[PDB]
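Peer 1: Sharing a structure here in structure tokens format.
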Amino acid sequence: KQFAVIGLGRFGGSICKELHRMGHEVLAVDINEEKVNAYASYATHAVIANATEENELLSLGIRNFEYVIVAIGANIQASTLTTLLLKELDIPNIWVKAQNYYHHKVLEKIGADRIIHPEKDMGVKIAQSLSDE
Amino acid sequence: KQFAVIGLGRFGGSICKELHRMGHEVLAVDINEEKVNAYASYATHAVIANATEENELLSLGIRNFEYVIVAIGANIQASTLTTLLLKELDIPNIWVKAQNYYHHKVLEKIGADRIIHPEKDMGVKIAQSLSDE
Amino acid sequence: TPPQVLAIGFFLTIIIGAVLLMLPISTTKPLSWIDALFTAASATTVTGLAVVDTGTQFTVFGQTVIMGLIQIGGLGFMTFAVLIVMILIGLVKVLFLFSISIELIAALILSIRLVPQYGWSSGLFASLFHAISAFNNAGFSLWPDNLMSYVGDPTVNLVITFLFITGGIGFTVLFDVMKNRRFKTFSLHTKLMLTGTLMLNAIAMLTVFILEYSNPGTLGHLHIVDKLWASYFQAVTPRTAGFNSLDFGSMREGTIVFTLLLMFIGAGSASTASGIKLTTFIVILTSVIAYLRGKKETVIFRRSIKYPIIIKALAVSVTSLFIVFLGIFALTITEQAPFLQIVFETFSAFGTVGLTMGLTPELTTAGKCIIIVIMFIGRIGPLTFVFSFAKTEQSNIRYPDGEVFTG
Amino acid sequence: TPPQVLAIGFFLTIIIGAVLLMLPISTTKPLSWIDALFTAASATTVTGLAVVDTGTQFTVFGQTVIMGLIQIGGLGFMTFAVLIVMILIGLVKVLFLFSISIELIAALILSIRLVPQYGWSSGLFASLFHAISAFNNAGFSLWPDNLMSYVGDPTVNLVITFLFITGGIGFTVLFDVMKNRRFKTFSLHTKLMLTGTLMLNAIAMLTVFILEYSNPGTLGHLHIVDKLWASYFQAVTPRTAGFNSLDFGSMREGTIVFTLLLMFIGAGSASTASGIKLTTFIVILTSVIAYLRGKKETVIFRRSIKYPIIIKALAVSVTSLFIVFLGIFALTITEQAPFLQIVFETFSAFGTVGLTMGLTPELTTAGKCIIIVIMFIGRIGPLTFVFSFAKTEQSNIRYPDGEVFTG
Ligand SMILES: Nc1ncnc2c1ncn2[C@@H]1O[C@H](COP(=O)(O)OP(=O)(O)O)[C@@H](O)[C@H]1O
Ligand SMILES: Nc1ncnc2c1ncn2[C@@H]1O[C@H](COP(=O)(O)OP(=O)(O)O)[C@@H](O)[C@H]1O
Ligand SMILES: [K+]
Ligand SMILES: [K+]
């Protein structure tokens, strides 16, 4: 019921739209103003903020959210830095989207609860569908 | 008495300041807003406009000015395009600042009354000063 | 031309309506040229100010003409207001069907109360006339006393108030409420109108009840239940229907002063109301409070308001006050009347409310002409009217910044 | 705290001045507590409203205390206004020397006219008192009739008008004129004040002369030369000196209505005047006209005005009107007075002008308290006063844009 998604892109935006359809309260935060306006109606709360600043994260109230999904793409440093800040806020579950194998290793060692690799993870279940078909 | 300077840079800004000291009416036009604000007090009229658009040139009233100095630097296409527009406005005297030898040739053939090469032209008079000294 | 059609269209309607009342079949007694023009202008630019009583001056045919002008004037602006909002006759028929349907059912409810008292013929025309007048925020009444005899009648108060509250808020608000039905999913504008109307009416009802409680002329010689009805009615009628249940001329000056602000802010945007709208007042009020608190942006209902909205809200407010100031200045020179009545008349005329304190009948020929201009400008809107008759040239030259001390 | 010192400082001056007039040496006859507080507040927050005549109530020592409060109040705000402008006691001494020098020479010129009539002792204190009062835009007069006996005296009219015109425009304007001496080299603000004052005074002088020409009470039983002086004086005194040459209570209502706007727009910025200043009125007026003409920016005097200047000008204007509206609303409930006098009193008190029409002496105890608050808030400024007693928290979070219809 209490979910937060950081980064409204192809992967992050899809999570907000799907969660909103199921009837869940989702907080969407993104630096780009156009992304927040587009997903303003698809999220319970839409915020234009920078996730790499610890002062803004406290203003949003991320510590309240049990699940935080960091879906920042094409900016690996922002994704790595955001998750490191979230552990200081003792977030119980942090789900991070990885970009490559090296980024996957860094996120694992800095304390990411679950690492998502949308291109690689989709292949291993498309292949599973082929066997079942 | 009726002078117009286009491009408020190191070369264009120096002309406006020197002419203003001598007591002449100078119109300063530049795309950059910071340059126009800085030279607003050093010019009789300061305008934020683009010299490559023929519609804006007519609004300023360049056809009234007998002498127009095109001091656009680091943007050779803007300098070349501006002087070509000015000849359509039958400007009597057009003084243009050149960037290199190839730009000097192009300006000469498109009808520039006087071509100024500040780096090269200063050398030929510094050398003259050495002989006289 | 896009905003010029509305200005020309209302002008054509007024003159056609004015000459339609000149025939010796609409009015029993002869009517002067200025009064017919004023009556047509008040009906077309739907305000409700009357120099002559509708019942005692016009006949059944004449009252039908007034009913036609109110419906045409109220719907003509309402359709264009919706079109202006969406841009900046498929839709017209939808609004016409909705307006007729709600007015028809309201007349049937009003018929249960009026036809047992006035008769089958008299009670059905009166119910239909008030249903049309109330929904379009007109305030016209066939009876010599404007709803003053039905202060304590729940049927008259509830049905009529529902008509100019539903027709007061914008049609976008009505569409959004029925399409979404969840307050969390309403638009920012819809949430401003629904929340603003409840807060503004509650404050107005409290102010009228407290100030007029001890007044012998109004709200004093009434039962406690009737006091609530009159206070409730007099709080929602200033924006912008202008129906009466108490004599505004015998009210306290403090109530009149508060009514001046109440009828300058009007109601919904794309609707039958006029006057800086409610959202404009809220946008300005919240923008100033944010500036005083140091906020870099205006935030309300978890949203943000951009500078073009802020300046447009502030531009229409100052322009409206300047027009009202000119009207008061013009009327003081022309009319030899008490100042409070002149100010109340000008705000009512500009906001197209129609409330008055013993001044509209006694206006001179020149005074009536000023009110007609004020009513026309207020109905059209200061921004819309200027664009019709102003030369337009989009500038393409920027200038160096200048420092101006506005402290 | 930076704007809180001025609010606290004036409060300390008023209470010190109020108790200083309580001694049985300043006033011949006993003075009530509220009148002394009102007199001190009017002198400190330099407005000129008087519940008791200065000459017939206070003695030479008492009038000296009033003279001290005017000089301290006028210079105290003027120095801080200049400091606020430059930020957003070396300078204080320069302003004090300039203010004393111009007032001293003016008193000497006035002494040529007053001491032949009142005497060496009486004529020198009166000339000095009026020189101090006029330069600081006070309007206090020792004589029972405020300059009404010198309507046609060129020496009194010219010298006194020059004092509150020089002291009315900002000290930045005075510095810029003497430093540059060329209109082409003046700042944008300086060119707005010099051009605006000439245009505004000319329009005001024409309006007063035309409207009051046939009035028997004022401007009617006077010579043609005296009509020009009275019209000229009554056009420049509303902003913001508040000196009199004609009875405002016997003027036409149209003249009073125009005076309401005249003393709302006040005068210059960093000076002894108060009210939305002129530049604010010009900035708003030109910004709206540019919007109506479709201009993307506000351009005046070959310069450009940025949005923060536009919104600040519009924010102070609406805030000032809201405070004036609250004052009129409060006075109507409290004071049982004609509405026109109440409106004129509130605008005069807020603008610290001091002009009145037979209302200040007859105010009740509660009515006087409201005026003191209105005078204090208007002198400090709605924006400056709020910042003193408002919690400040700079926001660092942006929100998605929302669409609001402000039509
Ligand atoms: N520091 C940051 N804080 C919050 N959001 C960010 C930050 N940096 C980037 N983003 C958002 O993350 C999104 C990443 O999208 P993109 O790079 O297109 O890949 P994907 O759509 O797969 O996530 C961008 O839309 C951007 O707005
Ligand atoms: N299209 C244009 N129209 C007018 N002014 C221009 C245009 N393009 C560039 N300029 C101005 O010309 C100036 C050139 O300055 P710069 O490139 O630093 O060399 P210099 O100072 O020697 O002229 C810039 O400051 C710029 O603002
Ligand atoms: K109405
Ligand atoms: K004064």
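In chain D, numbers come from Swiss-Prot; the residues present are 15-102, 127-445, in order.
So this one's electron microscopy, 2.8 Å, going by the header.
Yeah, the Cβs are placed from backbone N, Cα and C, and that goes for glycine too.
Features from Swiss-Prot:
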TRANSMEM  D:19-39  transmembrane segment
TRANSMEM  D:46-66  transmembrane segment
TRANSMEM  D:79-99  transmembrane segment
TRANSMEM  D:127-147  transmembrane segment
TRANSMEM  D:161-181  transmembrane segment
TRANSMEM  D:196-216  transmembrane segment
TRANSMEM  D:230-250  transmembrane segment
TRANSMEM  D:286-306  transmembrane segment
TRANSMEM  D:313-333  transmembrane segment
TRANSMEM  D:351-371  transmembrane segment
TRANSMEM  D:377-397  transmembrane segment
TRANSMEM  D:408-428  transmembrane segment
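For each feature listed, report its degree of burial, its nearest neighbours and the pertinent distances within the displayed model.
Peer 2: Within its own chain, the transmembrane segment (D:19-39) has Cβ neighbours under 8 Å at 45, 47, 50-51, 53-55, 57-59, 72-73, 75-76, 79, 82-83, 86-87, 90-91, 94, 414, 417-418, 422-423, 426-427, counting only residues six or more beyond its boundaries.
Same-chain residues lying 6 or more positions outside the transmembrane segment (D:127-147) and placing a CB less than 8 Å from one of its CB atoms are 85, 88-89, 92-93, 96-97, 162, 165-166, 168-170, 172-174, 193, 197, 200-201, 204-205, 209.
Beyond the transmembrane segment (D:161-181), the same-chain residues lying 6 or more positions past its ends with a Cβ under 8 Å from any Cβ of the stretch are 57, 60-62, 64, 68-69, 74, 77, 80-81, 84-85, 87-89, 137, 140-142, 144-146, 148-149, 151-155, 187, 197-198, 201-202, 204-206, 275, 278-282, 305, 310-311, 390-393.
Proximity of distant same-chain residues to the transmembrane segment (D:351-371), defined by a Cβ-Cβ separation under 8 Å and at least 6 residues beyond the stretch ends, is recorded for 302, 313-314, 317-319, 321-322, 325, 377, 380-381, 383-385, 387-388, 405, 408-409, 412, 415-416, 419-421, 424.
Sequence-distant contacts of the transmembrane segment (D:377-397), counting only residues of its own chain at least 6 positions beyond either end whose CB sits under 8 Å from a CB of the stretch, comprise 56, 59-64, 175-177, 275-280, 282, 286-287, 289, 291, 294, 297-298, 301-302, 304, 311-313, 358, 361-362, 365-366, 369-370, 409, 412-413, 415-417.
Sequence-remote contacts of a segment are chain residues at least 6 beyond its ends whose Cβ falls under 8 Å from one of its Cβ atoms, and for the transmembrane segment (D:408-428) they are 17-18, 20-21, 24-25, 28, 51-52, 55-56, 59-61, 63, 91, 98, 312-313, 350, 353-354, 357-358, 361-362, 365, 368-369, 372, 383-384, 387-390, 398, 401.
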Peer 1: What stretch, picked from D:46-66, D:79-99, D:230-250, D:286-306, has the most CB pairs under 8 A with the transmembrane segment (D:313-333)?
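Peer 2: Result: D:286-306.
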